[PDB]
Structures are given as structure tokens and as C-alpha cells.
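Engineer: I'd like to ask some things about the structure below.
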Amino acid sequence: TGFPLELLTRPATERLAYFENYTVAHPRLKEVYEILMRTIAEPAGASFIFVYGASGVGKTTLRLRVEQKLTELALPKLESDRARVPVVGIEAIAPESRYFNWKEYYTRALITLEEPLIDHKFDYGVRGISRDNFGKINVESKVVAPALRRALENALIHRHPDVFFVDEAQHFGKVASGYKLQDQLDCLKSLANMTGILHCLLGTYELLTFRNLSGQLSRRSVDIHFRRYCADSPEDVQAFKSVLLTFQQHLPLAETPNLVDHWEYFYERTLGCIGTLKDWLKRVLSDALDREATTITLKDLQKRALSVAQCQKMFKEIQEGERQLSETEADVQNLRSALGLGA
Amino acid sequence: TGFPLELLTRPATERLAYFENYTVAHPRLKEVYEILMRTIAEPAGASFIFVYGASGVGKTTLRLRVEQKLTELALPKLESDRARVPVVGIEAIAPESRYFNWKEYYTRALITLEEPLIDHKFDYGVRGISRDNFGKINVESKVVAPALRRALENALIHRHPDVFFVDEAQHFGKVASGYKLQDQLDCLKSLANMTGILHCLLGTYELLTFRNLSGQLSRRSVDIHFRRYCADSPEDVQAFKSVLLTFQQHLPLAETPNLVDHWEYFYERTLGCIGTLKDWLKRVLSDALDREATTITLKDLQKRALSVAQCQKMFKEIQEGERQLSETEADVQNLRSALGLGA
Amino acid sequence: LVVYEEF
Amino acid sequence: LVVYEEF
DNA sequence: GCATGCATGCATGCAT
DNA sequence: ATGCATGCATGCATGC
Ligand SMILES: Nc1ncnc2c1ncn2[C@@H]1O[C@H](COP(=O)(O)OP(=O)(O)NP(=O)(O)O)[C@@H](O)[C@H]1O
Ligand SMILES: Nc1ncnc2c1ncn2[C@@H]1O[C@H](COP(=O)(O)OP(=O)(O)NP(=O)(O)O)[C@@H](O)[C@H]1O
Ligand SMILES: [Mg+2]
Ligand SMILES: [Mg+2]
């Protein structure tokens with residue numbers, strides 16, 4: 001339907017913020033959102049939700065939208081269940097050392113489970129954990145890691161969040177010895193088991209090494225592939241063109257530039273990742289607003305585009321991820337033959 | 001036009017200082033500065049920006065000028081809010097041991113964020129970090145690196161500076177044997193993602209090791225190349241000659257020496273980077289001023305020129321960087337052939 | 001082409 | 001040959 | 001060079 | 001017056 005026409009009289013900051021707040025519900029995002037919401041609603045023994053995708057595919061935006069929707073849904077019964085918290089969302093920390101630091105992870109997990117009203121959770125742990133007469137839940141450095149884990153699991157049991165979000169889960173792969181990866185993820189698996197809290201792990205394709213560590217681990221996990229648009233299929237090309245048309249209609253400008261004809265260039269330098277296209281269009285629109293230009297030119301798009309080397313690197317990573325994530329009926333027939341009679 | 005004529009009666013120190021403070025806005029620096037400011041104004045999700053410039057290119061002066069301009073821009077706004085710092089820039093510390101130290105990096109970054117209006121923040125949220133009560137921020141040696149990182153992240157998110165400048169960023173590559181090179185940048189990516197502050201990395205061509213480490217890093221980084229003035233193109237040679245002419249007209253002597261006639265020698269001993277040319281001209285101007293010479297002679301220039309052995313290594317490193325940083329239409333076709341893009 | 005609702 | 005300006 | 005957990009010795013607050 | 005008990009600071013010991 002296009003942007004509101006009254007934004008033209010508004011300053012450039014208003015138009016820029018409006019374009020920032022705009023979002024597109026393209027079919028892959030909608031399908032992944034519905035699948036994730038359904039899986040969250042009934043974990044059914046699953047201890048992990050591996051949501052992974054192309055760099056630029058908009059995974060974090062999905063996490064934010066899911067958190068907002070779950071909070072909105074929980075508010076009517078949050079009016080009665082004071083102690084509960086609907087969603088807990090934290091970001092994994094890339095460690096400066098060779099191995100992931102679980103102590104900092106536990107500290108930040110406890111910090112995220114912070115309520116300014118103390119009466120909801122008066123006591124959090126054994127000692128050295130309570131707040132310092134402030135909303136911030138300060139933790140003494142001398143508190144040992146297993147005690148911190150115990151306090152975190154007790155807090156998780158008391159609060160009982162619907163889902164625990166760990167954004168950029170690929171940071172868990174920082175370790176020294178090769179087979180230590182199984183222990184690295186088994187720690188989180190035991191945490192989820194005792195806490196009885198479904199964990200959703202989001203990250204890029206670097207976490208595809210996290211897929212099939214063990215039979216128990218593969219059983220406990222659910223895979224949600226955030227597919228990026230691929231030109232090989234005309235349906236994806238049509239969806240990409242529709243998204244480009246929507247972005248063209250919704251960008252605040254005196255006249256709407258024809259971004260559809262340049263879909264070839266856009267895909268090339270975005271690899272079908274909608275988030276990258278949105279960021280690129282945001283950059284170009286900011287450039288135009290600074291210039292107070294009447295329209296977007298191809299020169300403007302080229303000026304703030306991604307380098308060919310960067311796009312090649314992302315494409316190589318995406319190709320490796322999709323190859324690792326591909327399934328064919330031949331594999332199914334092989335599995336059935338291994339089990340027995342196959343049809 | 002040129003230098004003020006009244007400086008001739010002034011002592012040698014004043015003329016030397018006037019030439020030291022003089023700067024030239026040559027076209028390459030103008031383009032790089034425009035691109036840098038346009039990216040800084042609207043990062044649009046870019047966690048990193050990379051500025052690859054040769055030795056003597058002028059990256060540090062560029063940082064000082066953009067810092068000054070951004071501070072001037074944000075000065076009128078500081079009346080409304082006094083807790084905002086426009087720009088913070090720190091130099092990367094070369095490690096004494098084999099590993100880049102992140103504890104000292106975090107400590108220096110936190111020190112650089114000190115403000116006389118300490119009452120506005122009044123707390124960093126971590127034990128062991130406080131004000132010295134007179135003019136300093138003192139950090140305890142018992143404060144662990146994750147605690148320092150948490151304090152720095154809280155300070156950054158409170159202050160929200162427009163850009164975090166890291167000069168001599170190639171020191172991050174000073175790491176032990178192994179694939180820790182990717183982790184060195186992953187930690188910074190995680191920090192910038194949490195604080196939401198664009199990190200600008202400036203360094204020589206040794207920074208190319210960080211260029212395309214991973215798909216995510218390549219996507220969320222912007223590559224800015226500070227090209228030197230090449231000798232293979234007439235436009236670059238003419239710009240170099242114009243810069244030489246400006247320096248000739250702006251150096252305070254009784255009679256302006258003819259330097260454009262020796263442009264080949266200047267290019268030979270500077271490889272086109274005008275920062276080295278300015279430094280060498282400052283040296284020769286001081287040498288002439290110590291004896292009150294009326295003009296610059298070829299012998300004076302030769303007495304302080306860089307050794308050819310030095311310039312051979314300079315050119316080897318410059319060629320190594322420029323070969324990697326180059327792109328042609330063949331790369332675009334190769335990318336699109338790999339893609340589903342028919343063209 | 002298909003218009004897409006805000007998400 | 002152009003007398004460039006100051007930065 | 002730093003991290004991190006654990007043990008010990010000393011200071012101090014309380015109770016008899 | 002004072003003895004006891006606990007909390008904290010520091011060394012240390014191994015690992016990275
Ligand atoms: N569906 C969408 N519609 C509109 N804009 C989007 C959408 N998805 C992503 N974006 C834009 O892209 C930005 C980045 O999205 P994000 O979810 O961080 O992508 P990513 O590929 O997961 N990035 P990373 O943090 O490196 O994993 C958002 O903040 C929006 O500006
Ligand atoms: N545009 C300019 N105009 C005038 N002088 C300049 C200019 N650029 C550089 N210089 C001079 O050259 C010096 C060195 O520039 P700098 O920005 O430190 O280059 P660099 O290659 O980043 N140095 P480093 O990498 O530390 O060896 C400056 O301090 C000035 O004296
Ligand atoms: Mg993301
Ligand atoms: Mg320099």
C-alpha cells in the first residue's frame with residue numbers, strides 16, 4: 001500500500017526511522033515463524049531447537065518477533081501468575097580465550113532473569129549472588145561455576161520460562177580438543193534436562209557442526225532451516241521480486257525508483273538474504289536523504305553495495321551449509337533398506 | 001596562494017609548526033573520508049568497517065579529522081544530554097607476549113571512556129572498577145577479563161558513542177599458532193553486537209588477514225581501501241604532481257623550490273603515499289631551516305630520503321596488499337556463474 | 001507480484 | 001596541476 | 001603472561 | 001576480657 005504520504009513533510013530522521021521499523025513477512029520467514037511458534041508451544045521432550053540459516057537471512061529479527069508475540073500472549077495470564085517470565089533471551093559470548101567461558105554465560109543468564117521487583121524471586125542462590133540494593137543482580141567473582149549453575153537452574157525452575165533463547169549459538173564451538181564438542185553441548189543438554197526448559201539455539205551455518213554429535217543428542221534436537229531464496233527455482237525468484245517491489249513501495253521518497261528491473265544485481269550482491277537487502281536499501285535511502293535526492297539511482301546502489309569478495313565468501317559458506325543440509329529420497333530409501341524392506 | 005608572507009620574519013619554530021599543522025585534501029583522501037563518514041552516519045547493521053591503507057597513507061590523520069568533525073557535529077546536541085560521548089578512539093596495544101591481550105585492551109578502552117561528569121554514570125556495575133576521586137579511573141588487578149568486558153559493554157551501551165576507533169588494528173593478528181585468528185575477530189564482533197557500536201579498524205595491509213575470515217564477518221564488515229597514487233595512470237600522477245605543487249607553495253622559505261621537476265624522485269622515495277612525502281618534506285624543511293637556507297636543493301632532499309632497501313620492502317608489501325584488494329569483471333562473472341544468475 | 005504485510 | 005585546498 | 005578453583009592464615013565480631 | 005568461629009584476602013598450583 002506504500003508509505004504514509006505525510007512523511008514527506010517530516011524531516012529525514014523520521015523517514016529513516018520509519019523505513020527502519022518496516023518489516024516484510026515474506027513466505028519463508030512466515031513459514032519458519034509458524035514452525036518455531038508451534039515447536040515452542042509444545043516442546044514434547046525436545047531439548048533443543050536448532051534454527052540456522054544464511055548470513056543475512058534475518059534470524060535475530062525472528063527471535064525478537066517471537067519474544068514479543070510470546071510476551072503479548074502471556075500478559076493476560078501474567079496478570080495472575082506474577083512469578084512467571086514468558087521468554088528469556090540472551091546472546092552467546094565469543095570468548096577471548098581458546099575455549100568458551102561457561103562462568104560468564106551463567107552470570108549473563110542470571111542477569112537476564114532480572115526483575116526489579118524483588119518479591120517475585122527473593123533468593124536466587126546460596127551466597128554471593130543476591131542484588132546489591134539495586135535492580136542489577138551483581139555476582140561476586142569468587143562464586144564457583146558449579147554453584148552458579150545450580151543457582152541458575154533453581155531460578156529457571158522457579159520462573160519456568162516458556163523458551164530460552166541463545167542467539168549466535170555458533171560461539172559454543174570455541175574449544176581446544178576435537179571431541180570436547182560433545183561435552184560442550186552436553187552441558188547445555190543436561191541444563192535443559194534438569195531445568196525442563198526448551199532451548200532454542202540460533203546462529204549461522206557454523207553451528208551445522210552441532211547437528212549430529214550423538215544419537216541421544218540428535219533425538220533431543222529439532223531442526224528449523226531458515227531457507228534463503230535461491231534463483232534456481234522460479235518461485236523463489238518471484239518471491240524475491242515481490243519483496244523488492246514491497247521495499248520499493250515502502251521507502252519514503254518523492255518518487256518510487258524502479259527496483260524491480262535491477263533484481264539481478266540485487267540478488268547477486270545479496271545472495272537472496274532478505275536482511276542484507278534490507279540493510280543495503282536502508283544504506284542507499286540514508287545516502288539519498290542526506291543528498292535530499294528525488295529518486296534512487298543505480299549509481300547510489302553501487303556506491304554502498306557489498307564487495308564481490310565478501311559476497312563470494314558468503315556464497316561459499318551458504319553452499320557448504322546447504323550441501324550439509326540437503327536431503328534426497330535416495331537417503332530415505334537407503335535408511336529404509338538398512339532398517340529392512342524399503343518402499 | 002601559499003603560506004602567509006609574515007611568517008618569514010617569524011622565528012624558525014613558528015614556521016616549522018605552521019608547516020607541521022598544514023594538511024592537503026588530496027582527492028584520494030577526500031573520497032575515502034566521504035565514504036567513511038557516509039558509512040559512519042548510517043552503519044545499518046554493519047558491525048565492522050575496515051580501512052586498509054599502506055604505510056604512509058594517512059590513516060591516523062584521517063581518524064583524527066573524522067573524530068574532530070564528529071565531535072563538532074555532536075557539540076550542539078550535548079546541551080540536551082550530557083551523558084553522551086560522540087566518538088571514542090584508542091590504539092591497539094602490541095602484545096609483549098605472543099598473544100594479543102584482551103584484558104589490557106578492555107582496560108585501556110574503559111580508561112578512554114572516562115568523563116569528568118562521573119556523576120551521570122556513577123556506577124559501572126562491576127566490583128573493582130571505580131573513580132580515583134580526583135582525575136582517574138582505577139581498575140583492580142583482581143578484576144577478571146570477563147568482568148572487564150561486561151563493564152566495558154555496560155559503559156558503551158550507556159554512552160552509545162557513534163563509532164569506536166581502533167588504530168593499528170593489525171595488532172589483533174599477533175596471536176599464537178592455530179586458527180585463533182578467526183576467534184580474535186569473533187570476540188570483537190560479539191562485543192560490537194552487544195553494545196551496538198560500530199567498530200572502525202585502521203591498519204596496514206597486514207589487516208588483510210581479517211578481511212574474509214567467515215561469512216558473517218564478511219557480511220557485517222565494510223571494506224574501505226585507501227589507495228596510494230599509482231604511477232600507471234595519468235590521473236594519479238597528475239594528482240601527485242598537484243600535491244607536490246601545493247607543498248611547494250605552502251612550505252615557508254624565502255623562495256619556493258621547484259619540486260614538480262623532481263616528481264619522479266619523490267615518487268621513487270615515497271611510492272605515492274602523500275603522508276610519507278609530507279613527512280620527508282617536513283624533515284628537509286627543518287634541515288634547511290636550521291641553517292636558514294633560502295631554498296631546498298636536491299642534495300638536501302637526498303640527505304634525508306628513505307633508503308632504497310626500505311622502499312623495496314614497502315613496495316613488496318604494497319603490491320601484496322593491492323593484489324588481494326583488487327577486483328575485475330571476471331570476479332563478478334565467476335560469482336554469477338556459480339550462482340543461479342544466468343548472466 | 002505479492003504485497004507483504006508488516007511483520 | 002591544481003592548487004588543492006586544505007583539509 | 002593471565003584464569004580459575006582451592007586451601008590456609010589472619011582479622012574481627014560475637015558470646016560467655 | 002577473652003576465646004572461638006567465620007568471612008575475607010592472598011598465595012598457590014595447575015592449566016591455558
Ligand atoms: N524479514 C525481514 N524484514 C525486514 N527486514 C529484515 C528482515 N529480516 C532481517 N531484516 C533486517 O536485517 C537486519 C538484520 O537481521 P538479523 O536477524 O540480525 O540477520 P542475520 O543474518 O541473522 N544477522 P547475524 O546477527 O550476523 O546472524 C534486521 O535488523 C532488519 O533491519
Ligand atoms: N593529508 C595529509 N596532509 C598533510 N600531512 C599529512 C597528510 N596525511 C598524512 N600526513 C602526515 O604524515 C604523517 C603520518 O600519517 P599517518 O596518518 O600516521 O600515516 P600511517 O601510514 O597511518 N602511519 P603508521 O601506519 O603508524 O606508520 C601525519 O602525522 C602527517 O604529518
Ligand atoms: Mg542475525
Ligand atoms: Mg599509521
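Order determines the names: the first chain of the C-alpha cells is A, the second B, and so forth; residues in each chain are numbered 1 upward, and ligands are numbered 1 upward as they are shown.
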Given a cut-off of 12 Å, which residues of chain F touch chain B, counting only C-alpha atoms (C1' of nucleotides), written out as a PyMOL selection string?
Structural biologist: chain F and resi 9-10+16
Engineer: Name the residues in contact with residue B:151 at a cut-off of 7 Å, using only C-alpha atoms (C1' of nucleotides), excluding same-chain residues fewer than 2 positions from it; report them as a list in words.
Structural biologist: residues 124, 125, 126, 147, 148, 149, 153, 154 and 155 of chain B
Engineer: Would you export the selected residues with C-alpha atoms as a short mmCIF file (atom, residue, chain, number, x, y, z; two decimals), in the first residue's frame, please?
Structural biologist:
data_model
loop_
_atom_site.label_atom_id
_atom_site.label_comp_id
_atom_site.auth_asym_id
_atom_site.auth_seq_id
_atom_site.Cartn_x
_atom_site.Cartn_y
_atom_site.Cartn_z
CA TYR B 124 29.95 0.65 36.19
CA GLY B 125 28.16 -2.35 37.71
CA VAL B 126 31.31 -4.38 38.41
CA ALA B 147 34.23 -8.78 34.30
CA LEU B 148 36.15 -6.05 32.46
CA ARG B 149 34.35 -6.96 29.23
CA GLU B 153 29.87 -3.31 27.42
CA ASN B 154 27.69 -1.60 30.03
CA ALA B 155 29.67 1.64 29.69
#
Engineer: Taking only C-alpha atoms (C1' of nucleotides) and all ligand atoms into account, which residues have an atom no farther than 6 Å from ligand 3? I'd like them as an MDAnalysis selection string.
Structural biologist: chainID A and resid 58:60
Engineer: Generate the output file for the selected residues, N, CA and C atoms, as a compact mmCIF listing (two decimals), in the first residue's frame.
Structural biologist:
# COMPACT_ATOMS: atom_id res chain seq x y z
N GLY A 58 18.01 -12.89 8.28
CA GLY A 58 17.12 -12.39 9.32
C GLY A 58 16.70 -13.26 10.49
N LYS A 59 17.61 -14.08 11.01
CA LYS A 59 17.31 -14.91 12.19
C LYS A 59 17.01 -14.16 13.51
N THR A 60 17.76 -13.11 13.81
CA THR A 60 17.55 -12.34 15.05
C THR A 60 16.19 -11.67 15.03
Engineer: Using only C-alpha atoms (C1' of nucleotides) and all ligand atoms, which residues of the polymer chains come no farther than 12 Å from ligand 4? I'd like the answer as JSON, numbers by chain.
Structural biologist: {"B": [51, 52, 53, 54, 55, 56, 57, 58, 59, 60, 61, 62, 63, 64, 91, 92, 166, 167, 168, 169, 170, 201, 202, 203, 204, 205, 226, 273, 275, 276]}
Engineer: Let me make sure I understand: among A:174, A:38, A:65, A:303, which one has the smallest atom-to-atom distance to ligand 1 if we use only C-alpha atoms and all ligand atoms?
Structural biologist: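 Distance minimum relative to ligand 1 lands on A:65.
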Engineer: Could you list the residues in chain A lying within 9 Å of chain C, using only C-alpha atoms, and format the result as a VMD selection string?
Structural biologist: chain A and resid 1 22 to 27 30 65 238 to 239 241 to 243 245 to 246
Engineer: Residues of chain B no more than 10 Å from chain E, counting only C-alpha atoms (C1' of nucleotides): send them over as a PyMOL selection string.
Structural biologist: chain B and resi 95-99+101+103+144-145
Engineer: To one decimal place in Å, what is the distance between atom CA of residue B:277 and atom CA of residue B:21?
Structural biologist: 14.7 Å
Engineer: Please provide the set of residues having any atom within 10 Å of residue A:114, restricted to only C-alpha atoms (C1' of nucleotides), with same-chain residues fewer than 4 positions apart removed, written as a list in words.
Structural biologist: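 Answer for this query is residues 85, 88, 109, 110, 118, 120, 121, 131, 135, 136 and 137 of chain A.
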Engineer: For each of B:49, B:308, B:16, B:139, take the minimum atom-to-atom distance to ligand 2, counting only C-alpha atoms and all ligand atoms, then give the residue where this is smallest.
Structural biologist: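 Smallest separation from ligand 2 among the options: B:16.
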Engineer: Got a sec to pull out which chain A residues are within 6 Å of chain B, counting only C-alpha atoms, and send them as an MDAnalysis selection string?
Structural biologist: chainID A and resid 55 94:96 231:232 279 310 313:314
Engineer: Write out the residues from the selection above, keeping N, CA, C and O atoms, as a compact mmCIF listing (two decimals), in the first residue's frame.
Structural biologist:
# COMPACT_ATOMS: atom_id res chain seq x y z
N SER A 55 23.93 -16.20 6.28
CA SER A 55 24.27 -14.92 6.87
C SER A 55 23.44 -13.89 6.13
O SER A 55 23.52 -13.80 4.91
N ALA A 94 31.34 -14.59 22.47
CA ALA A 94 32.55 -15.12 21.86
C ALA A 94 33.71 -14.92 22.82
O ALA A 94 34.00 -13.78 23.19
N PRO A 95 34.38 -15.98 23.26
CA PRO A 95 35.43 -15.82 24.27
C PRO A 95 36.75 -15.38 23.67
O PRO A 95 37.12 -15.77 22.56
N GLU A 96 37.46 -14.55 24.43
CA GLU A 96 38.81 -14.16 24.04
C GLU A 96 39.80 -15.31 24.22
O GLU A 96 40.85 -15.33 23.56
N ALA A 231 17.93 -18.66 -6.70
CA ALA A 231 17.44 -18.36 -8.03
C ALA A 231 17.10 -19.58 -8.86
O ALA A 231 16.39 -19.47 -9.84
N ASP A 232 17.62 -20.74 -8.50
CA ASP A 232 17.40 -21.94 -9.31
C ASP A 232 15.91 -22.25 -9.47
O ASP A 232 15.52 -22.92 -10.43
N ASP A 279 19.20 -4.08 4.66
CA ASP A 279 20.29 -3.22 5.13
C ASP A 279 20.85 -2.38 3.99
O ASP A 279 21.13 -1.19 4.16
N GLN A 310 33.46 -10.37 -0.60
CA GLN A 310 32.60 -10.70 0.53
C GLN A 310 31.44 -11.58 0.10
O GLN A 310 31.14 -12.59 0.75
N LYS A 313 32.53 -15.06 -0.51
CA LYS A 313 32.76 -15.80 0.73
C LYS A 313 31.45 -16.27 1.35
O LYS A 313 31.32 -17.43 1.75
N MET A 314 30.46 -15.37 1.44
CA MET A 314 29.16 -15.79 1.98
C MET A 314 28.52 -16.86 1.12
O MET A 314 27.90 -17.79 1.64
Engineer: Name the closest residue to ligand 1 among the candidates A:19, A:48, A:172, A:3; distances are taken between atoms, counting only C-alpha atoms and all ligand atoms.
Structural biologist: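 Of the candidates, the smallest distance to ligand 1 is held by A:19.
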Engineer: Pull the alpha helix (DSSP H) assignments for stretch 261-324 of chain A out of DSSP run on the backbone, and list those residues as a PyMOL selection string.
Structural biologist: chain A and resi 263-268+274-291+298-303+308-324
Engineer: Could you list, as a PyMOL selection string, every residue within 8 Å of residue B:196, counting only C-alpha atoms (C1' of nucleotides) and ignoring same-chain residues fewer than 2 positions away?
Structural biologist: chain B and resi 47+157+160+192-194+198
